[PDB]
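Colleague: Got a structure for you, questions after.
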Amino acid sequence: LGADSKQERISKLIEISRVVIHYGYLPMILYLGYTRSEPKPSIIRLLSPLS
Amino acid sequence: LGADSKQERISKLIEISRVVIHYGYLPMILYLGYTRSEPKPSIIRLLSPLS
Amino acid sequence: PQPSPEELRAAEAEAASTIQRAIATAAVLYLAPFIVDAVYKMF
Amino acid sequence: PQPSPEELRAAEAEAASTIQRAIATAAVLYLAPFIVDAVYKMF
Amino acid sequence: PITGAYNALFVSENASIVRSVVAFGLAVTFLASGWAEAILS
Amino acid sequence: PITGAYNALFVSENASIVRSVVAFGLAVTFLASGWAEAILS
Amino acid sequence: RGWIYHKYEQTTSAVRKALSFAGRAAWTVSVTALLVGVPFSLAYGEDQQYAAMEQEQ
Amino acid sequence: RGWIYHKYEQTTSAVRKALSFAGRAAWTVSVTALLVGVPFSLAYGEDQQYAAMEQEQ
Amino acid sequence: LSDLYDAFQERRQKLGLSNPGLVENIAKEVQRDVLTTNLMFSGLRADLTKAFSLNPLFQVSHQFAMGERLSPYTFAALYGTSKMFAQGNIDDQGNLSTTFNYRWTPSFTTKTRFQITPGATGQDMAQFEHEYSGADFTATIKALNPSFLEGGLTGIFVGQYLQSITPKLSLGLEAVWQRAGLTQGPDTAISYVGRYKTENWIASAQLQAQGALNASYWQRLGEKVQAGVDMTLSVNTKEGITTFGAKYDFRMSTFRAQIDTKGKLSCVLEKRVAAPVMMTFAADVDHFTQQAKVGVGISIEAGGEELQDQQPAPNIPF
Amino acid sequence: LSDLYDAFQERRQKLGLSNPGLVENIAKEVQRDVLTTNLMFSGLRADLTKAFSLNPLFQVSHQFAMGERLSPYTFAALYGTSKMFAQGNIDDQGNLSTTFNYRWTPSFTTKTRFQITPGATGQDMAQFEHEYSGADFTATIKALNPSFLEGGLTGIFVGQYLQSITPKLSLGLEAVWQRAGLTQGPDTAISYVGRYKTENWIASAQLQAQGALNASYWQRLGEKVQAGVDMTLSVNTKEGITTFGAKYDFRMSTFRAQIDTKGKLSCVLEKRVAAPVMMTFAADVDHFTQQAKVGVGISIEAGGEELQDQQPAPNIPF
Ligand SMILES: C[C@@H]1CC[C@@]2(OC1)O[C@H]1C[C@H]3[C@@H]4CC=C5C[C@@H](OCCC(CO)CO)CC[C@]5(C)[C@H]4CC[C@]3(C)[C@H]1[C@@H]2C
Ligand SMILES: C[C@@H]1CC[C@@]2(OC1)O[C@H]1C[C@H]3[C@@H]4CC=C5C[C@@H](OCCC(CO)CO)CC[C@]5(C)[C@H]4CC[C@]3(C)[C@H]1[C@@H]2C
Ligand SMILES: C[C@@H]1CC[C@@]2(OC1)O[C@H]1C[C@H]3[C@@H]4CC=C5C[C@@H](OCCC(CO)CO)CC[C@]5(C)[C@H]4CC[C@]3(C)[C@H]1[C@@H]2C
Ligand SMILES: C[C@@H]1CC[C@@]2(OC1)O[C@H]1C[C@H]3[C@@H]4CC=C5C[C@@H](OCCC(CO)CO)CC[C@]5(C)[C@H]4CC[C@]3(C)[C@H]1[C@@H]2C
Ligand SMILES: C[C@@H]1CC[C@@]2(OC1)O[C@H]1C[C@H]3[C@@H]4CC=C5C[C@@H](OCCC(CO)CO)CC[C@]5(C)[C@H]4CC[C@]3(C)[C@H]1[C@@H]2C
Ligand SMILES: C[C@@H]1CC[C@@]2(OC1)O[C@H]1C[C@H]3[C@@H]4CC=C5C[C@@H](OCCC(CO)CO)CC[C@]5(C)[C@H]4CC[C@]3(C)[C@H]1[C@@H]2C
Ligand SMILES: C[C@@H]1CC[C@@]2(OC1)O[C@H]1C[C@H]3[C@@H]4CC=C5C[C@@H](OCCC(CO)CO)CC[C@]5(C)[C@H]4CC[C@]3(C)[C@H]1[C@@H]2C
């Protein structure tokens, strides 16, 4: 709050965070699954619907 | 055609016939069925949906 | 607009001719199996 | 229209009081089972 | 007499509320009395 | 060359007709040749 | 004369409204029994076949 | 500089259109296999059970 | 004189021809047996049918429906006999459709149909059809709303003819004459049809003189599978659509699926969930709009085993 | 000092109370288990789910749908563990909904949710929830779109508390504070809730201080049947609706049916047509308009027997 300029800064941080969540959140979940699931599936099988 | 008056007459005959078909045609089919089907069903069963 | 009295005669005449050539077509079809059979006899 | 500066104070004060009486309600509920149990002991 | 029960149930400002409250009272007594179990189970 | 086949199939006044005529030719040859029976039966 | 026509008008209108309600009521009852009774009867009927395979053990 | 930005604009637009078509194509293929393959597989699968009861005679 | 007729009729029969059936059935195998067009619907539908006898055929039917252009209720009753068939059905809105077919002769039958909408609403149609089935041809004339009260003929008159040319090939003709208003001139259309039918496949074409062409091909893909193709060209702009479909006959169910050049996919599954109960699932998918229409329907037949002793009356003129 | 706490905590536990669960679950048995409200849909729907592991839980899901307000496609993936649960799903239009729950302590868990619509379209919501589950109560605080950049607090803050009064009776409270615009004054609402739960029946009520009242009653009608009633009164004009419904549990299917005072009849049939395939039929009928909405859906689960050796991770914070 102290500087209005800072308020724009924080505003830019939210728009930065917003993009990272929009693009990176689902890849993050898939990364957590693929690297930590037991056993480890195939890269194609990781997104395969029923094979 | 010979008399225009007659043309109205014929016109009235069609409207007379139209009403008789509208009201009497389905009762006619049901009458034919009920009185001629073998065996003869019950009057209530005649219009019963599944009993 | 509505057709004139002489335009109706033209339309009624063309319509009659088409129906006459339709009946003429049915006459050819009715006789047609006798012709196609004759062709197979030649072969 | 927009609220005046003194109307906001009135609204903010009423809203604060309701939230204080909500927390006061939770305090009574938290202590409530001790009271209802006491009633059953008397019966 | 009955007019005071019909009007308040179908042609009054609060008539919509009364129908829902009555349906609730009937449905709960239907279940809790055991009549629902003897019919639906 | 191919432009004359694409334009007449998707961006011409009669393009709708050509697609239906082609689909008919392919579907009949699919059935009559026995390829349909070997796959669908 | 006109008194009978008025009664005829009162009756014709009221009966047409009566049949409209009575007909509408039969439809809603019939549709409900169909929409509820059909899926239930199929599911319940299948359950009885599974129950049969258990009783045969 | 600007020449790369133009190529970037040409590529960004075209690729977005490419993925839109490719994605739309995968959906129509998937939906068709589901709508046709599901009822067929259930009906055909049931037919095999009836065929089994005949072979057991 | 009979001297010519005797040689003519004998030579006629020597070619082994057979009745080609009605012109309207020239594409029945594709458009009615294989394609889903006539079975598609949306919403809920339930038909309750009670059969009271098989000879004479007499049954009552109640349809309940809630869907696109589906009337909430429709009562129907029909009576059939070796020489006659009477059928009537009425909507909840009073729309009455009637059918009355009578066999004056085993070769000649008259079909009369009436559609009587509420009096103020709509228009009423009266259709009189006369079908003659010969040893090798069929002739039909339909008069729809015929009128002579204005001092001249009025209405729609359709002439139909289908002739067996060879044991497999049949060719035919359709002619229409229209003069709804005496003030307006008559309008006439002629359509040519033909069909080549073999044991395993059937090819048919209908060519309207105005430019439209409808060709269909049907082929049996084994005992349980049959498929067909239907092409329609309209040049009244130019528009063409081709529909390809197949039908699978299982022991307890029938599956139909079709796709067409306009990207519409549809399938209909009919399954005998019980002896008297038949379930129907119909789904239409438009791939350009990604919109789907789902139809679930049931059919129930009360009569069951009570009337099986009777067997259906022969050749009822349905 | 602990001298008072020891006697207080010991006396507290002597009354045999138990955790009453979340305020939002005060009517789960009626509104979610028995009533169809959450299962109703129209059109076609297909869910394809692949499970890659059970501990940690990880699965991928593809939904295809064509219907009213149903997005054509939705990808989803989730990862769960005894201390955490991450879930994300995105529509074909780029609408991303996320969930991230983490157990800081077995009694304290944080739930974060994000809804990120396309940038120009819509608005983005950020919801931070903090749930504390005590021995006999639950406390929750939700902050939705919290903001302090204008120099003062802004957003929606919801406080929730549910307290077990007796082994069967639980009473609770809900408080809301809202100040979307600093220029506008804060708006606050308080809602009271309570629930009486026994083995065979459950009674619940939610009373908004503004006048609305929602009461529900659930009762088990034997081993396979359960029914419930849901009454909603709104006085913001006066409007009230009561929904009565029942649920039947068969060995291979579950049937739900409900009727309400507004004349709407709906039913949902879920049937296990195969080991991995579950069919769903949902139908809604409005008796005042005679209009029906039919929904047919399928669910498929690829993982099957491959991963049965693993058993699900305990108490994943779903
Ligand atoms: C304030 C409003 C007015 C309507 C209402 O609240 C809202 O008022 C309540 C009064 C309740 C009834 C009181 C007493 C019993 C006896 C009980 O025990 C019998 C034994 C059983 C075996 O278990 C059968 O023998 C059965 C149930 C019944 C009838 C209650 C039903 C629900 C009722 C109708 C409630 C209803 C919802
Ligand atoms: C005028 C327009 C152009 C397209 C078209 O009309 C419209 O022109 C026709 C030409 C036809 C093919 C001619 C010859 C044969 C051989 C036959 O016999 C093989 C034996 C079989 C065992 O039975 C397999 O070994 C198989 C079928 C095939 C390929 C025809 C298919 C249909 C076609 C493509 C027709 C198509 C509809
Ligand atoms: C009054 C109105 C018309 C009728 C109706 O209410 C409204 O009354 C209900 C009676 C129902 C039937 C009861 C029992 C069964 C058996 C079940 O299982 C058989 C398995 C098979 C295996 O071969 C033989 O074992 C199949 C379904 C069926 C016939 C019901 C169908 C729907 C019906 C007709 C319902 C319908 C909605
Ligand atoms: C690529 C996309 C995803 C997958 C898909 O294409 C599109 O590929 C198809 C394969 C189909 C399955 C094949 C075989 C059967 C067996 C049948 O009978 C079992 C009876 C049971 C008795 O207990 C065991 O005997 C039940 C159905 C099932 C599993 C099919 C379901 C639908 C599936 C998944 C179809 C789906 C549309
Ligand atoms: C009014 C219009 C006239 C055309 C048409 O209606 C519209 O009328 C039919 C004439 C048919 C063809 C006639 C004869 C044969 C010989 C046959 O031979 C196979 C082997 C056989 C020995 O010949 C077995 O022994 C192959 C097919 C073919 C070319 C027909 C194709 C379909 C056609 C074109 C039909 C088409 C729809
Ligand atoms: C005027 C309209 C244009 C479209 C159309 O008419 C209507 O044009 C016709 C062409 C026909 C095909 C011609 C020949 C054959 C070969 C035959 O195979 C026997 C083997 C034999 C020769 O190959 C030697 O043994 C199978 C049938 C097939 C494919 C016909 C199918 C029907 C077709 C496609 C007709 C189609 C409906
Ligand atoms: C904030 C508001 C306060 C009211 C409320 O939330 C909203 O809170 C609950 C209080 C409940 C009642 C408390 C106690 C009993 C005794 C019980 O006794 C059966 C026999 C038993 C011995 O008593 C077995 O041993 C019958 C039912 C009844 C009256 C409850 C009914 C439902 C009520 C009214 C609930 C209602 C929803």
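Just so we're on the same page: first chain in the structure tokens is A, next is B, and so on; residues restart at 1 for each chain, and ligands are numbered from 1 in the order they show up.
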Please write out the residues within 6 Å of ligand 3 as a list in words, counting only C-alpha atoms and all ligand atoms.
Modeller: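 Using only C-alpha atoms and all ligand atoms, I find these residues within 6 Å of ligand 3: residues 50 of chain B; 30, 33, 34, 37, 38, 41, 42 and 45 of chain G; 274 and 275 of chain I.
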Colleague: If DSSP is run on the backbone, what residues of chain F are alpha helix (DSSP H)? A reply as a PyMOL selection string would be ideal.
Modeller: chain F and resi 2-10+15-32+35-40
Colleague: Would you list the contacts of stretch 26-28 of chain H as number ranges by chain, taking every protein, DNA or RNA residue within 9 Å and counting only C-alpha atoms, but skipping same-chain residues closer than 6 positions in sequence?
Modeller: I: 287, 290; J: 64, 72-73
Colleague: Can I get the residues close to ligand 4 as a VMD selection string, where close means within 10 Å and we count only C-alpha atoms and all ligand atoms?
Modeller: (chain A and resid 48 to 51) or (chain H and resid 29 to 49) or (chain J and resid 46 to 49 62 272 to 278 298 to 302)
Colleague: With a distance cut-off of 10 Å and only C-alpha atoms, select the neighbouring residues of residue D:4, excluding the residue or stretch itself and same-chain residues fewer than 4 positions from it, and output the selection as an MDAnalysis selection string.
Modeller: (chainID D and resid 8:9) or (chainID J and resid 183:185)
Colleague: Go ahead and save the residues from that selection, with N, CA, C and O atoms, as a PDB file, in the first residue's frame.
Modeller:
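Output below, filename out_23.pdb:
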ATOM      1  N   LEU D   8     -21.236   5.038   5.646  1.00  0.00           N
ATOM      2  CA  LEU D   8     -20.338   3.887   5.680  1.00  0.00           C
ATOM      3  C   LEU D   8     -19.960   3.522   7.106  1.00  0.00           C
ATOM      4  O   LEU D   8     -19.882   2.338   7.448  1.00  0.00           O
ATOM      5  N   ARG D   9     -19.714   4.523   7.951  1.00  0.00           N
ATOM      6  CA  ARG D   9     -19.415   4.243   9.350  1.00  0.00           C
ATOM      7  C   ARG D   9     -20.567   3.498  10.011  1.00  0.00           C
ATOM      8  O   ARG D   9     -20.350   2.544  10.768  1.00  0.00           O
TER       9      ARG D   9
ATOM     10  N   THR J 183     -16.151   1.511  -1.570  1.00  0.00           N
ATOM     11  CA  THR J 183     -17.118   2.602  -1.532  1.00  0.00           C
ATOM     12  C   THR J 183     -18.452   2.135  -0.957  1.00  0.00           C
ATOM     13  O   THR J 183     -19.094   2.865  -0.194  1.00  0.00           O
ATOM     14  N   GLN J 184     -18.894   0.936  -1.323  1.00  0.00           N
ATOM     15  CA  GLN J 184     -20.082   0.348  -0.728  1.00  0.00           C
ATOM     16  C   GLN J 184     -19.785  -0.179   0.672  1.00  0.00           C
ATOM     17  O   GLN J 184     -18.677  -0.633   0.967  1.00  0.00           O
ATOM     18  N   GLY J 185     -20.788  -0.099   1.542  1.00  0.00           N
ATOM     19  CA  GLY J 185     -20.669  -0.611   2.886  1.00  0.00           C
ATOM     20  C   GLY J 185     -20.689  -2.124   2.934  1.00  0.00           C
ATOM     21  O   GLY J 185     -21.263  -2.789   2.067  1.00  0.00           O
TER      22      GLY J 185
END
Colleague: Give the superposed chain E as a short mmCIF file (atom, residue, chain, number, x, y, z; two decimals) with N, CA and C atoms, in the first residue's frame, the fit being least squares on chain F over all ordered C-alpha pairs.
Modeller:
data_model
loop_
_atom_site.label_atom_id
_atom_site.label_comp_id
_atom_site.auth_asym_id
_atom_site.auth_seq_id
_atom_site.Cartn_x
_atom_site.Cartn_y
_atom_site.Cartn_z
N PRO E 1 -3.07 -28.25 -61.01
CA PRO E 1 -3.74 -29.54 -61.13
C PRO E 1 -4.61 -29.87 -59.93
N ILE E 2 -3.98 -30.10 -58.77
CA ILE E 2 -4.74 -30.43 -57.57
C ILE E 2 -5.64 -29.27 -57.18
N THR E 3 -5.23 -28.04 -57.47
CA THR E 3 -6.07 -26.89 -57.19
C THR E 3 -7.40 -26.98 -57.93
N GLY E 4 -7.41 -27.56 -59.13
CA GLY E 4 -8.65 -27.75 -59.85
C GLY E 4 -9.53 -28.84 -59.26
N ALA E 5 -8.95 -29.75 -58.48
CA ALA E 5 -9.73 -30.75 -57.77
C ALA E 5 -10.22 -30.25 -56.42
N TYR E 6 -9.42 -29.42 -55.74
CA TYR E 6 -9.83 -28.90 -54.45
C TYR E 6 -10.90 -27.82 -54.59
N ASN E 7 -10.69 -26.87 -55.51
CA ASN E 7 -11.62 -25.76 -55.66
C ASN E 7 -13.02 -26.26 -56.02
N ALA E 8 -13.11 -27.19 -56.98
CA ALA E 8 -14.38 -27.74 -57.40
C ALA E 8 -15.01 -28.63 -56.34
N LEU E 9 -14.28 -28.99 -55.29
CA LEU E 9 -14.81 -29.84 -54.24
C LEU E 9 -15.22 -29.08 -52.99
N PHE E 10 -14.66 -27.89 -52.73
CA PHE E 10 -14.97 -27.17 -51.50
C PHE E 10 -15.29 -25.69 -51.65
N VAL E 11 -14.95 -25.05 -52.77
CA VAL E 11 -15.18 -23.61 -52.88
C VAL E 11 -15.78 -23.25 -54.24
N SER E 12 -16.78 -24.01 -54.67
CA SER E 12 -17.46 -23.73 -55.93
C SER E 12 -18.96 -23.84 -55.71
N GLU E 13 -19.72 -23.26 -56.65
CA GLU E 13 -21.18 -23.28 -56.53
C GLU E 13 -21.73 -24.69 -56.47
N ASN E 14 -21.11 -25.63 -57.19
CA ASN E 14 -21.53 -27.02 -57.25
C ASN E 14 -20.74 -27.92 -56.33
N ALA E 15 -19.88 -27.36 -55.48
CA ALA E 15 -19.02 -28.17 -54.63
C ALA E 15 -19.82 -29.12 -53.74
N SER E 16 -21.01 -28.72 -53.30
CA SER E 16 -21.81 -29.60 -52.45
C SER E 16 -22.22 -30.87 -53.19
N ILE E 17 -22.55 -30.75 -54.47
CA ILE E 17 -22.94 -31.91 -55.27
C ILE E 17 -21.79 -32.89 -55.40
N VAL E 18 -20.60 -32.39 -55.73
CA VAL E 18 -19.47 -33.27 -56.00
C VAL E 18 -19.15 -34.13 -54.78
N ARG E 19 -19.17 -33.55 -53.58
CA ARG E 19 -18.90 -34.33 -52.38
C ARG E 19 -19.88 -35.48 -52.21
N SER E 20 -21.17 -35.22 -52.43
CA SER E 20 -22.16 -36.28 -52.27
C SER E 20 -22.01 -37.35 -53.34
N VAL E 21 -21.70 -36.95 -54.57
CA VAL E 21 -21.50 -37.93 -55.63
C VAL E 21 -20.25 -38.76 -55.36
N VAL E 22 -19.19 -38.14 -54.87
CA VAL E 22 -17.97 -38.88 -54.55
C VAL E 22 -18.21 -39.84 -53.39
N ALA E 23 -18.89 -39.38 -52.34
CA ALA E 23 -19.17 -40.25 -51.21
C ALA E 23 -20.00 -41.45 -51.63
N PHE E 24 -20.92 -41.26 -52.57
CA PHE E 24 -21.72 -42.37 -53.07
C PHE E 24 -20.85 -43.36 -53.82
N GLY E 25 -19.98 -42.86 -54.70
CA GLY E 25 -19.10 -43.75 -55.44
C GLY E 25 -18.19 -44.56 -54.54
N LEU E 26 -17.65 -43.93 -53.50
CA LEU E 26 -16.80 -44.66 -52.56
C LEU E 26 -17.59 -45.65 -51.73
N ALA E 27 -18.78 -45.27 -51.26
CA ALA E 27 -19.56 -46.17 -50.43
C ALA E 27 -20.03 -47.39 -51.19
N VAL E 28 -20.45 -47.23 -52.45
CA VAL E 28 -20.89 -48.39 -53.22
C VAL E 28 -19.73 -49.32 -53.52
N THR E 29 -18.58 -48.77 -53.92
CA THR E 29 -17.44 -49.63 -54.19
C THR E 29 -16.95 -50.30 -52.91
N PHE E 30 -17.10 -49.63 -51.78
CA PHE E 30 -16.76 -50.24 -50.50
C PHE E 30 -17.62 -51.47 -50.25
N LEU E 31 -18.93 -51.35 -50.46
CA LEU E 31 -19.84 -52.48 -50.25
C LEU E 31 -19.65 -53.56 -51.31
N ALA E 32 -19.74 -53.19 -52.58
CA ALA E 32 -19.77 -54.18 -53.65
C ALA E 32 -18.47 -54.94 -53.80
N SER E 33 -17.34 -54.34 -53.43
CA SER E 33 -16.06 -55.01 -53.58
C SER E 33 -15.83 -56.10 -52.54
N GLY E 34 -16.65 -56.18 -51.50
CA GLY E 34 -16.45 -57.15 -50.46
C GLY E 34 -15.63 -56.67 -49.29
N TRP E 35 -15.06 -55.47 -49.39
CA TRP E 35 -14.30 -54.92 -48.28
C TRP E 35 -15.19 -54.62 -47.09
N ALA E 36 -16.42 -54.18 -47.33
CA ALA E 36 -17.34 -53.93 -46.23
C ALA E 36 -17.70 -55.20 -45.49
N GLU E 37 -17.98 -56.28 -46.22
CA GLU E 37 -18.32 -57.54 -45.57
C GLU E 37 -17.17 -58.07 -44.73
N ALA E 38 -15.94 -57.98 -45.24
CA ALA E 38 -14.79 -58.46 -44.49
C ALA E 38 -14.51 -57.64 -43.24
N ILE E 39 -15.12 -56.47 -43.09
CA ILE E 39 -14.86 -55.59 -41.97
C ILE E 39 -16.07 -55.47 -41.05
N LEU E 40 -17.26 -55.29 -41.61
CA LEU E 40 -18.46 -55.09 -40.81
C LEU E 40 -19.17 -56.37 -40.42
N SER E 41 -18.99 -57.45 -41.16
CA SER E 41 -19.70 -58.68 -40.85
C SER E 41 -18.94 -59.54 -39.85
#
Colleague: Only residues of chain I matter here; which ones have an atom within 7 Å of chain F, counting only C-alpha atoms? Give them as number ranges by chain.
Modeller: I: 221-222, 225, 229, 231, 233, 238-242, 261
Colleague: Mind dumping a table of every chain C residue within 9 Å of chain I, with the nearest atom pair and its distance in Å to one decimal, using only C-alpha atoms, sorted by chain and rising number, as a tab-separated table?
Modeller:
residue	atom	partner	partner_atom	distance
C:2	CA	I:184	CA	7.2
C:3	CA	I:184	CA	6.7
C:4	CA	I:183	CA	8.9
C:5	CA	I:183	CA	8.9
C:7	CA	I:185	CA	8.0
C:8	CA	I:185	CA	5.3
C:9	CA	I:185	CA	8.2
C:10	CA	I:185	CA	8.7
C:11	CA	I:185	CA	5.6
C:12	CA	I:186	CA	6.0
C:14	CA	I:188	CA	8.8
C:15	CA	I:188	CA	5.8
C:16	CA	I:188	CA	8.7
C:18	CA	I:188	CA	7.4
C:19	CA	I:175	CA	7.1
C:22	CA	I:175	CA	6.6
C:23	CA	I:175	CA	8.9
C:25	CA	I:173	CA	7.8
C:26	CA	I:161	CA	7.0
C:29	CA	I:163	CA	6.5
C:30	CA	I:163	CA	6.6
C:32	CA	I:165	CA	6.5
C:33	CA	I:165	CA	4.6
C:34	CA	I:12	CA	7.4
C:36	CA	I:165	CA	7.3
C:37	CA	I:15	CA	7.6
Colleague: With only C-alpha atoms and all ligand atoms counted, collect every polymer residue having an atom within 9 Å of ligand 7; state the result as a short mmCIF file (atom, residue, chain, number, x, y, z; two decimals) with N, CA and C atoms, in the first residue's frame.
Modeller:
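Generated output (part_35.cif):
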data_model
loop_
_atom_site.label_atom_id
_atom_site.label_comp_id
_atom_site.auth_asym_id
_atom_site.auth_seq_id
_atom_site.Cartn_x
_atom_site.Cartn_y
_atom_site.Cartn_z
N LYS J 168 -26.51 -37.31 19.61
CA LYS J 168 -27.36 -37.28 18.43
C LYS J 168 -27.59 -35.88 17.87
N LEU J 169 -27.62 -34.86 18.71
CA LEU J 169 -27.97 -33.51 18.30
C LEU J 169 -26.73 -32.67 18.06
N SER J 170 -26.67 -32.03 16.90
CA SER J 170 -25.63 -31.06 16.59
C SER J 170 -26.26 -29.75 16.16
N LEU J 171 -25.73 -28.64 16.66
CA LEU J 171 -26.21 -27.31 16.33
C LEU J 171 -25.06 -26.50 15.75
N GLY J 172 -25.37 -25.56 14.86
CA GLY J 172 -24.31 -24.85 14.21
C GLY J 172 -24.67 -23.43 13.83
N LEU J 173 -23.71 -22.76 13.20
CA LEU J 173 -23.82 -21.35 12.88
C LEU J 173 -23.08 -21.07 11.58
N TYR J 192 -28.45 -19.96 10.75
CA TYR J 192 -28.40 -20.96 11.80
C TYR J 192 -28.77 -22.32 11.24
N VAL J 193 -28.04 -23.35 11.67
CA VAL J 193 -28.26 -24.71 11.21
C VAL J 193 -28.27 -25.63 12.42
N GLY J 194 -28.83 -26.81 12.22
CA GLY J 194 -28.89 -27.81 13.26
C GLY J 194 -29.27 -29.14 12.66
N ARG J 195 -28.91 -30.20 13.36
CA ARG J 195 -29.24 -31.52 12.85
C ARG J 195 -29.38 -32.51 13.99
N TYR J 196 -30.41 -33.34 13.91
CA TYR J 196 -30.65 -34.43 14.84
C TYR J 196 -30.50 -35.71 14.05
N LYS J 197 -29.53 -36.53 14.43
CA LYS J 197 -29.22 -37.74 13.68
C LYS J 197 -29.34 -38.96 14.58
N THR J 198 -30.12 -39.93 14.14
CA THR J 198 -30.25 -41.23 14.77
C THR J 198 -29.84 -42.30 13.77
N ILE J 202 -32.70 -38.98 10.08
CA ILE J 202 -31.93 -37.75 10.26
C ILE J 202 -32.82 -36.56 9.94
N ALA J 203 -32.85 -35.57 10.82
CA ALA J 203 -33.61 -34.35 10.61
C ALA J 203 -32.65 -33.16 10.62
N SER J 204 -32.81 -32.26 9.66
CA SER J 204 -31.91 -31.12 9.53
C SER J 204 -32.69 -29.87 9.18
N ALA J 205 -32.18 -28.72 9.62
CA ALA J 205 -32.79 -27.45 9.28
C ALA J 205 -31.72 -26.39 9.12
N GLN J 206 -31.92 -25.50 8.14
CA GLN J 206 -31.05 -24.35 7.92
C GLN J 206 -31.95 -23.13 7.84
N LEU J 207 -31.70 -22.14 8.68
CA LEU J 207 -32.56 -20.96 8.77
C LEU J 207 -31.75 -19.71 8.49
N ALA J 215 -35.55 -27.27 5.51
CA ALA J 215 -35.63 -28.41 6.40
C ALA J 215 -35.62 -29.69 5.59
N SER J 216 -34.96 -30.72 6.10
CA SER J 216 -34.91 -31.99 5.40
C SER J 216 -35.01 -33.13 6.39
N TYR J 217 -35.60 -34.23 5.94
CA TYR J 217 -35.80 -35.41 6.75
C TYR J 217 -35.41 -36.63 5.92
#
Colleague: Find, counting only C-alpha atoms, the residue in J:53, J:236, J:38, J:2 that gets nearest to residue A:40.
Modeller: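 Of all the options, J:53 lies closest to residue A:40.
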Colleague: What does the distance from atom CA of residue J:283 to atom CA of residue J:40 come to in Å, to one decimal?
Modeller: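 The value is 7.4 Å.
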Colleague: Rank I:79, I:250, I:218, I:128 by their smallest atom-to-atom distance to ligand 6, using only C-alpha atoms and all ligand atoms, and report the top residue only.
Modeller: I:218
